[PDB]
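So this block is final.cif, mmCIF, C-alpha atoms:
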```cif
data_upload
loop_
_atom_site.group_PDB
_atom_site.id
_atom_site.type_symbol
_atom_site.label_atom_id
_atom_site.label_comp_id
_atom_site.auth_asym_id
_atom_site.auth_seq_id
_atom_site.Cartn_x
_atom_site.Cartn_y
_atom_site.Cartn_z
ATOM 1 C CA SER E 1 1.564 -5.478 5.741
ATOM 2 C CA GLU E 2 1.575 -2.661 8.319
ATOM 3 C CA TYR E 3 2.412 -5.119 11.117
ATOM 4 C CA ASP E 4 4.441 -7.433 8.850
ATOM 5 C CA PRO E 5 7.969 -6.408 7.761
ATOM 6 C CA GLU E 6 7.605 -8.819 4.825
ATOM 7 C CA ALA E 7 4.899 -11.138 3.510
ATOM 8 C CA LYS E 8 5.716 -14.125 5.773
ATOM 9 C CA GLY E 9 2.459 -15.737 4.641
ATOM 10 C CA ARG E 10 0.898 -16.068 8.095
ATOM 11 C CA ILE E 11 0.319 -13.825 11.119
ATOM 12 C CA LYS E 12 -0.721 -14.305 14.738
ATOM 13 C CA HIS E 13 -4.353 -14.368 15.846
ATOM 14 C CA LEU E 14 -3.756 -11.925 18.721
ATOM 15 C CA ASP E 15 -3.697 -8.918 16.371
ATOM 16 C CA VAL E 16 -6.710 -10.069 14.319
ATOM 17 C CA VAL E 17 -9.060 -8.030 16.526
ATOM 18 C CA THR E 18 -7.075 -4.848 15.870
ATOM 19 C CA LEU E 19 -6.775 -5.745 12.177
ATOM 20 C CA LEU E 20 -10.551 -6.088 11.825
ATOM 21 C CA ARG E 21 -11.127 -2.924 13.866
ATOM 22 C CA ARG E 22 -8.734 -0.926 11.650
ATOM 23 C CA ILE E 23 -10.891 -1.398 8.523
ATOM 24 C CA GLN E 24 -13.341 1.109 7.086
ATOM 25 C CA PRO E 25 -17.030 0.608 7.999
ATOM 26 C CA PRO E 26 -17.960 -0.271 4.385
ATOM 27 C CA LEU E 27 -15.425 -3.132 4.415
ATOM 28 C CA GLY E 28 -14.784 -3.973 8.072
ATOM 29 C CA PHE E 29 -17.038 -3.227 11.036
ATOM 30 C CA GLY E 30 -19.101 -0.229 12.046
ATOM 31 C CA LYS E 31 -18.289 2.279 14.762
ATOM 32 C CA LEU E 32 -20.486 0.322 17.201
ATOM 33 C CA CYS E 33 -19.081 -2.063 19.797
ATOM 34 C CA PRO E 34 -17.235 -4.982 18.132
ATOM 35 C CA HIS E 35 -18.148 -7.322 21.011
ATOM 36 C CA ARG E 36 -21.656 -7.823 19.578
ATOM 37 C CA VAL E 37 -20.995 -8.104 15.817
ATOM 38 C CA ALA E 38 -17.300 -8.786 15.170
ATOM 39 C CA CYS E 39 -16.796 -11.538 17.760
ATOM 40 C CA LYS E 40 -19.898 -13.490 16.731
ATOM 41 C CA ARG E 41 -19.330 -12.936 13.003
ATOM 42 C CA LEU E 42 -15.723 -14.159 13.073
ATOM 43 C CA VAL E 43 -16.674 -17.364 14.901
ATOM 44 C CA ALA E 44 -19.903 -18.137 13.023
ATOM 45 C CA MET E 45 -18.398 -17.723 9.551
ATOM 46 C CA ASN E 46 -16.291 -20.532 8.119
ATOM 47 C CA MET E 47 -12.550 -20.273 8.757
ATOM 48 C CA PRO E 48 -9.711 -22.669 7.892
ATOM 49 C CA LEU E 49 -8.651 -25.104 10.616
ATOM 50 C CA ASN E 50 -5.142 -23.722 11.007
ATOM 51 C CA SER E 51 -2.978 -23.393 14.120
ATOM 52 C CA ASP E 52 -3.527 -20.960 16.986
ATOM 53 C CA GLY E 53 -1.371 -18.180 15.554
ATOM 54 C CA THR E 54 -0.625 -19.040 11.906
ATOM 55 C CA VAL E 55 -3.352 -17.912 9.487
ATOM 56 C CA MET E 56 -2.475 -17.162 5.872
ATOM 57 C CA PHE E 57 -3.350 -13.892 4.158
ATOM 58 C CA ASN E 58 -5.280 -15.764 1.459
ATOM 59 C CA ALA E 59 -7.204 -17.491 4.267
ATOM 60 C CA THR E 60 -8.445 -14.065 5.443
ATOM 61 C CA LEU E 61 -8.861 -11.970 2.290
ATOM 62 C CA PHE E 62 -10.936 -14.759 0.737
ATOM 63 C CA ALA E 63 -13.049 -14.925 3.902
ATOM 64 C CA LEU E 64 -13.661 -11.168 3.737
ATOM 65 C CA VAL E 65 -14.565 -11.452 0.043
ATOM 66 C CA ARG E 66 -17.043 -14.240 0.822
ATOM 67 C CA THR E 67 -18.565 -12.255 3.695
ATOM 68 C CA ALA E 68 -18.880 -9.089 1.591
ATOM 69 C CA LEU E 69 -21.198 -10.500 -1.092
ATOM 70 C CA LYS E 70 -23.492 -13.536 -1.445
ATOM 71 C CA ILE E 71 -22.436 -15.192 1.796
ATOM 72 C CA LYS E 72 -23.558 -18.826 1.829
ATOM 73 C CA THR E 73 -24.634 -21.052 4.697
ATOM 74 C CA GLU E 74 -22.493 -23.814 6.166
ATOM 75 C CA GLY E 75 -22.394 -27.222 4.490
ATOM 76 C CA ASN E 76 -22.868 -25.820 0.978
ATOM 77 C CA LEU E 77 -19.309 -24.439 0.971
ATOM 78 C CA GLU E 78 -18.320 -26.870 -1.798
ATOM 79 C CA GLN E 79 -20.680 -25.079 -4.201
ATOM 80 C CA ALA E 80 -18.474 -21.977 -4.063
ATOM 81 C CA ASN E 81 -15.355 -24.071 -4.693
ATOM 82 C CA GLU E 82 -17.056 -25.707 -7.681
ATOM 83 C CA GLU E 83 -18.112 -22.288 -8.990
ATOM 84 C CA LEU E 84 -14.545 -20.967 -8.781
ATOM 85 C CA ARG E 85 -13.144 -24.137 -10.368
ATOM 86 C CA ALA E 86 -15.720 -24.071 -13.200
ATOM 87 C CA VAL E 87 -16.344 -20.349 -13.901
ATOM 88 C CA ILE E 88 -13.301 -18.424 -12.658
ATOM 89 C CA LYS E 89 -9.939 -18.946 -14.352
ATOM 90 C CA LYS E 90 -7.508 -21.735 -13.497
ATOM 91 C CA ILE E 91 -6.901 -22.181 -9.774
ATOM 92 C CA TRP E 92 -3.303 -23.402 -10.321
ATOM 93 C CA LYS E 93 -3.771 -25.653 -7.263
ATOM 94 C CA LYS E 94 -4.237 -22.639 -4.978
ATOM 95 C CA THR E 95 -7.677 -23.535 -3.558
ATOM 96 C CA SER E 96 -6.425 -26.659 -1.758
ATOM 97 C CA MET E 97 -6.247 -24.754 1.531
ATOM 98 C CA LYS E 98 -9.084 -22.400 0.530
ATOM 99 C CA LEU E 99 -11.503 -25.353 0.368
ATOM 100 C CA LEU E 100 -11.847 -25.321 4.163
ATOM 101 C CA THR N 1 -20.227 -0.734 -29.365
ATOM 102 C CA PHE N 2 -17.388 -1.601 -26.993
ATOM 103 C CA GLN N 3 -19.488 -1.478 -23.830
ATOM 104 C CA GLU N 4 -21.561 -4.391 -25.105
ATOM 105 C CA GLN N 5 -19.262 -6.473 -27.299
ATOM 106 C CA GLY N 6 -16.250 -5.443 -25.217
ATOM 107 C CA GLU N 7 -17.718 -7.008 -22.085
ATOM 108 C CA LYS N 8 -19.835 -9.617 -23.878
ATOM 109 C CA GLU N 9 -18.656 -12.532 -21.739
ATOM 110 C CA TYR N 10 -21.522 -14.807 -20.696
ATOM 111 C CA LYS N 11 -19.992 -16.578 -17.704
ATOM 112 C CA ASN N 12 -22.405 -14.888 -15.257
ATOM 113 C CA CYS N 13 -24.196 -18.108 -14.350
ATOM 114 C CA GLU N 14 -24.255 -17.271 -10.628
ATOM 115 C CA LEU N 15 -21.958 -14.260 -10.176
ATOM 116 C CA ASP N 16 -22.832 -10.740 -11.305
ATOM 117 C CA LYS N 17 -20.511 -8.142 -12.852
ATOM 118 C CA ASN N 18 -19.231 -7.170 -9.391
ATOM 119 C CA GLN N 19 -17.650 -10.616 -8.891
ATOM 120 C CA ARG N 20 -15.946 -10.622 -12.314
ATOM 121 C CA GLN N 21 -12.875 -8.864 -10.858
ATOM 122 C CA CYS N 22 -12.786 -9.142 -7.055
ATOM 123 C CA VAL N 23 -12.545 -12.947 -7.004
ATOM 124 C CA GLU N 24 -9.801 -12.878 -9.646
ATOM 125 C CA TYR N 25 -7.827 -10.277 -7.689
ATOM 126 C CA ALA N 26 -8.261 -12.353 -4.525
ATOM 127 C CA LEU N 27 -6.910 -15.375 -6.407
ATOM 128 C CA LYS N 28 -3.940 -13.372 -7.754
ATOM 129 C CA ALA N 29 -2.472 -11.336 -4.894
ATOM 130 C CA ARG N 30 0.667 -11.022 -2.773
ATOM 131 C CA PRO N 31 1.499 -8.993 0.361
ATOM 132 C CA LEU N 32 4.052 -6.213 0.027
ATOM 133 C CA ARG N 33 7.267 -5.610 1.984
ATOM 134 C CA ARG N 34 7.370 -3.079 4.820
ATOM 135 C CA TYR N 35 11.117 -3.292 5.650
ATOM 136 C CA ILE N 36 10.979 -2.572 9.376
ATOM 137 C CA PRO N 37 14.352 -2.923 11.148
ATOM 138 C CA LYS N 38 14.470 -2.428 14.901
ATOM 139 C CA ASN N 39 18.015 -0.990 15.228
ATOM 140 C CA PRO N 40 17.571 1.057 18.430
ATOM 141 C CA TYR N 41 20.402 3.553 17.887
ATOM 142 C CA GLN N 42 18.879 4.671 14.564
ATOM 143 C CA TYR N 43 15.255 3.727 15.306
ATOM 144 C CA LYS N 44 14.666 7.359 16.287
ATOM 145 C CA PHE N 45 15.760 8.550 12.840
ATOM 146 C CA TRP N 46 13.730 5.753 11.244
ATOM 147 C CA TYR N 47 10.582 6.889 13.062
ATOM 148 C CA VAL N 48 11.240 10.556 12.252
ATOM 149 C CA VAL N 49 11.595 9.766 8.538
ATOM 150 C CA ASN N 50 8.357 7.749 8.354
ATOM 151 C CA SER N 51 5.918 10.041 10.157
ATOM 152 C CA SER N 52 2.803 11.854 8.972
ATOM 153 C CA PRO N 53 3.833 15.356 10.193
ATOM 154 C CA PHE N 54 7.211 14.980 8.473
ATOM 155 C CA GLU N 55 5.566 14.385 5.091
ATOM 156 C CA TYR N 56 2.969 17.077 5.830
ATOM 157 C CA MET N 57 5.921 19.485 6.181
ATOM 158 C CA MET N 58 7.762 18.018 3.178
ATOM 159 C CA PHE N 59 4.792 18.761 0.921
ATOM 160 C CA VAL N 60 4.642 22.450 1.889
ATOM 161 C CA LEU N 61 8.437 22.723 1.703
ATOM 162 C CA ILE N 62 8.686 21.157 -1.772
ATOM 163 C CA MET N 63 5.824 23.216 -3.229
ATOM 164 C CA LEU N 64 7.693 26.335 -2.081
ATOM 165 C CA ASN N 65 10.466 25.518 -4.567
ATOM 166 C CA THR N 66 7.953 25.423 -7.423
ATOM 167 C CA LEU N 67 6.300 28.629 -6.201
ATOM 168 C CA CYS N 68 9.775 30.199 -6.227
ATOM 169 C CA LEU N 69 10.397 28.931 -9.766
ATOM 170 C CA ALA N 70 7.074 30.406 -10.937
ATOM 171 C CA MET N 71 8.239 33.934 -10.114
ATOM 172 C CA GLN N 72 11.056 34.763 -12.557
ATOM 173 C CA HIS N 73 10.150 37.315 -15.224
ATOM 174 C CA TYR N 74 11.774 39.101 -18.143
ATOM 175 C CA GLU N 75 14.425 41.780 -17.493
ATOM 176 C CA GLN N 76 14.289 41.154 -13.761
ATOM 177 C CA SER N 77 16.446 43.057 -11.288
ATOM 178 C CA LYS N 78 19.878 41.939 -10.116
ATOM 179 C CA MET N 79 18.862 41.734 -6.448
ATOM 180 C CA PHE N 80 15.844 39.591 -7.357
ATOM 181 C CA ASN N 81 18.112 37.314 -9.405
ATOM 182 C CA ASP N 82 20.530 36.975 -6.475
ATOM 183 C CA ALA N 83 17.625 36.192 -4.139
ATOM 184 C CA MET N 84 16.529 33.500 -6.596
ATOM 185 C CA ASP N 85 20.067 32.086 -6.584
ATOM 186 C CA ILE N 86 20.295 31.983 -2.788
ATOM 187 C CA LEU N 87 16.827 30.410 -2.528
ATOM 188 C CA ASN N 88 17.911 27.758 -5.042
ATOM 189 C CA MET N 89 21.040 27.107 -2.973
ATOM 190 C CA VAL N 90 18.949 26.766 0.196
ATOM 191 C CA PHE N 91 16.556 24.372 -1.538
ATOM 192 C CA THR N 92 19.282 22.138 -2.974
ATOM 193 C CA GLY N 93 21.074 22.081 0.382
ATOM 194 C CA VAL N 94 17.946 21.131 2.315
ATOM 195 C CA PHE N 95 17.150 18.454 -0.280
ATOM 196 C CA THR N 96 20.652 17.020 0.153
ATOM 197 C CA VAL N 97 20.240 17.098 3.944
ATOM 198 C CA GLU N 98 16.892 15.297 3.796
ATOM 199 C CA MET N 99 18.244 12.719 1.332
ATOM 200 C CA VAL N 100 21.283 11.919 3.476
ATOM 201 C CA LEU N 101 19.091 11.758 6.590
ATOM 202 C CA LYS N 102 16.685 9.375 4.831
ATOM 203 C CA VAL N 103 19.266 7.011 3.329
ATOM 204 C CA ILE N 104 20.713 6.229 6.767
ATOM 205 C CA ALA N 105 17.317 5.074 8.067
ATOM 206 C CA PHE N 106 16.082 3.307 4.917
ATOM 207 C CA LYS N 107 19.537 1.814 4.070
ATOM 208 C CA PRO N 108 21.141 1.760 0.598
ATOM 209 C CA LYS N 109 20.100 -1.847 -0.068
ATOM 210 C CA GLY N 110 16.378 -1.071 0.071
ATOM 211 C CA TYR N 111 16.815 2.407 -1.382
ATOM 212 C CA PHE N 112 16.131 1.044 -4.889
ATOM 213 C CA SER N 113 12.835 -0.645 -3.956
ATOM 214 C CA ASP N 114 10.548 2.346 -4.561
ATOM 215 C CA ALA N 115 10.627 4.118 -7.918
ATOM 216 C CA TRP N 116 10.229 7.601 -6.427
ATOM 217 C CA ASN N 117 12.637 6.838 -3.571
ATOM 218 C CA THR N 118 15.728 6.389 -5.753
ATOM 219 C CA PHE N 119 14.523 8.979 -8.282
ATOM 220 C CA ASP N 120 14.934 11.780 -5.729
ATOM 221 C CA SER N 121 18.567 10.753 -5.212
ATOM 222 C CA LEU N 122 19.256 11.488 -8.881
ATOM 223 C CA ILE N 123 17.475 14.838 -8.470
ATOM 224 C CA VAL N 124 19.850 15.791 -5.652
ATOM 225 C CA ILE N 125 22.812 14.414 -7.616
ATOM 226 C CA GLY N 126 21.708 16.346 -10.695
ATOM 227 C CA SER N 127 21.059 19.537 -8.726
ATOM 228 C CA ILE N 128 24.662 19.490 -7.436
ATOM 229 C CA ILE N 129 26.586 18.768 -10.664
ATOM 230 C CA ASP N 130 25.936 22.316 -11.934
ATOM 231 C CA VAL N 131 26.352 24.008 -8.544
ATOM 232 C CA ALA N 132 29.798 25.450 -9.358
ATOM 233 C CA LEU N 133 29.101 26.531 -12.952
ATOM 234 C CA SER N 134 26.659 29.229 -11.802
ATOM 235 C CA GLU N 135 29.283 31.365 -10.038
#
```
Show me, as structure tokens, the structure contained in the file I just sent.
Amino acid sequence: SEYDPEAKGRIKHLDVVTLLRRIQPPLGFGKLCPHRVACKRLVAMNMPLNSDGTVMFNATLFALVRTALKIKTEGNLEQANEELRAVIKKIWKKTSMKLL
Amino acid sequence: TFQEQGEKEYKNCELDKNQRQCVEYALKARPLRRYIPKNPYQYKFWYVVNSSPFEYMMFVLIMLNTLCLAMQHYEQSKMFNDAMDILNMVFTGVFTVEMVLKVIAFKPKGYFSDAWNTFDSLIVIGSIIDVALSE
């Protein structure tokens, strides 16, 4: 919300590098060069197939949550969706975009 | 007896106790409002209001009022009492000045968004109602 006057749902991908750099080392990236870890990590990890500069906040906070703990390999992404839909409380049709 | 039974939920099929709250908070969340107007002819005042050194000075200026209040004692002198009065006048005046300088930048329409933001306005309003009954 620092760069966003209101929620607006989505932000541009140009400022994503600065957004990921402006996070604490425990949550974001270490003090080392982001060209080796951040660039490869953002591409390798699963991200929703949205437009060039419209990515929702729930499409990024969920990705960070997944990366923080028990990150799973590609292809088995539906197991996490099943776990949320069967263990966590009601999704209220909010995981439709979060599936990808 | 509440640490066990209290958190006696057995839904931890795959997720540990750390995931019992973070996933739920991720599911239920909403970005806040920053309220950033460009407005070039008052953008300078807007930047001055919302700046780290300004608040770093506000803290040490507000705590001075409380340090002044924690100085009155029984059967104090008349000159000390008058100094207390003039310090109170200075403090209420500077609070009014800061409030009127802030409301221009943050606008009256968003002035009620933050609980502490509009609360200080009542403090200034209250501090001025009894300004003429002292003398």
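Shortest separation to chain E among N:91, N:25, N:111, N:45 occurs at residue N:25, atoms counted being all atoms listed in the file.
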**Request:** Residues of chain E no more than 10 Å from chain N, counting only C-alpha atoms: send them over as a PyMOL selection string.
**Result:** chain E and resi 1-9+57-58+61-62+64-66+69-70+80+83-84+86-92+94-95
**Request:** Take atom CA of residue E:53 and atom CA of residue E:98 and report the distance between them in Å, one decimal.
**Result:** 17.4 Å
**Prompt:** Near stretch 20-31 of chain E, within 12 Å and counting all atoms listed in the file, which residues show up once chain neighbours fewer than 2 positions away are dropped, as an MDAnalysis selection string?
**Reply:** chainID E and resid 2:3 13:18 33:39 41:42 60:61 63:69
**Request:** Write out as a PyMOL selection string the residues lying within 8 Å of residue E:59, counting all atoms listed in the file and excluding same-chain residues fewer than 6 positions away.
**Result:** chain E and resi 47-48+97-98
**For residue N:124: contacts at 7 Å, only C-alpha atoms, fewer than 4 positions along chain excluded, given as an MDAnalysis selection string** = chainID N and resid 92 95:96 120 128
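From atom CA of residue N:55 back to atom CA of residue N:103, the distance works out to 15.7 Å.
In this comparison, which uses all atoms listed in the file, the residue of N:130, N:16, N:7, N:75 approaching residue N:88 most closely is N:130.
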**Asked** What do you get, as a ChimeraX atom specification, if you spell out every residue that the PyMOL selection byres ((chain N and resi 59-65) around 10) selects here?
**Response** /N:53-58,66-70,87-88,90-92,94-95
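The spacing separating atom CA of residue N:78 from atom CA of residue N:97 amounts to 28.5 Å.
Closest approach to residue N:99 from the set N:39, N:77, N:121, N:72 is made by N:121, with distances taken over all atoms listed in the file.
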Listed atoms of stretch 8-24 of chain E, axis-aligned box, 3 Å per side: centre and edge lengths to one decimal in Å, as AutoDock Vina command-line options?
```
--center_x -3.8 --center_y -7.5 --center_z 11.7 --size_x 25.1 --size_y 23.2 --size_z 20.1
```
**Asked** Can you tell me, as a ChimeraX atom specification, what residues are no more than 6 Å from residue E:10 when counting only C-alpha atoms, ignoring any on the same chain fewer than 5 positions away?
**Response** /E:54-56
**Item:** Residue nearest residue E:72 - candidates E:93, E:45, E:99, E:12, atoms counted: only C-alpha atoms
**Value:** E:45
